[PDB]
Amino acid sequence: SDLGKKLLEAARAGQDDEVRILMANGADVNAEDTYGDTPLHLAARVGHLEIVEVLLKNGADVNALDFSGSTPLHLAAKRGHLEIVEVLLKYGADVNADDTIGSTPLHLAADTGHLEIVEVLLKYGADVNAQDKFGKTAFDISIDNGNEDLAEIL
């Protein structure tokens, strides 16, 4: 896909004009890079909320999986992008998606100390008992990290 690749680069760079143009031209909204990441993954990871929004309005798969088993929500949560987390959840992101090692969005947000994100994930139904492949819950993570404020709510 010539235009899938340009869309991926434009989404990552936050070039909202180019994104709009490529989608108008007919670029696949769920185009993948060589890691299995779609434009929605790339924008969710880097933190371009306006790109996330427009992709989602153009029918982007909110629960697309890359080769590591990560959904956009995983990436936005891990990187602290609270507004992206909120919009992904409003559009039906799976709050309890588990990646290749069983990390959920709650594990990832707890591990990076993002309290506000943890709060919203919990509201959307994140499973506080979910273990990753090594047996750790989000709560365990919070104790390992010495983060007392996280632990309280987890």
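One-based numbering along the sequence shown.
- Look at the C-alpha B-factors of 139-147 and of 126-134. On average they run higher in 139-147.
- Of the two segments, 50-58 and 102-110, the one listed with the higher mean B-factor is 50-58 (C-alpha atoms only).
- Of the candidates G69, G36, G26, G92, the PDB record gives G26 the highest C-alpha temperature factor.
- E32: CA B factor lies in the highest third for its chain, per the PDB record.
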